[PDB]
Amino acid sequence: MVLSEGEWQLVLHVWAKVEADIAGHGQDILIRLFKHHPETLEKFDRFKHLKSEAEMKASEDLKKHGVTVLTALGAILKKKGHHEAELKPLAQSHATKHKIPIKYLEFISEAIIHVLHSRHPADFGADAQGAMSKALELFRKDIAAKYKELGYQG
């Protein structure tokens, strides 16, 4: 839904590349998020001490968390927009426990795109970028709707 089936197939085709190396993509994505938008580490007390990209790359905790994040995102993307049941617990924790504003979800979406462009430049063209961007945008829109239901000013 929202995306055409053909657009979803571009998304899942790019996502298969992510699934070939989930921990590597998750490390890169979190490091890119924290390096570009260091204010986002205010949400991760446990990672505030990491002093360099090298230390971040060597952190097993950070790696495991990237796996957690991308595993959850892959399950969402594979539902192709019919992701109500996967999004419910995620919106709950991120609105009420972690308190993640929508703008931080935009930042991590931009980091996902950047990392895919860095890791797959010869197999991540304009249509694949546009489709992944639409899919992440839909994810954010539906999170925002749940945020509102929950009373959280995202």
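Note that residue numbering follows the sequence shown and begins at 1.
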In the PDB record, does 110-118 or 95-103 carry the higher mean Cα temperature factor? 95-103
Mean C-alpha B-factor higher for 122-130, or for 86-94? 86-94
Highest Cα B-factor in the deposition, which of 51, 35, 43, 63? 51
Residue 22 - Cα temperature factor, lowest/middle/highest third of chain: lowest
Against its chain's modelled residues, does residue 58's Cα B factor rank lowest, middle or highest third? highest
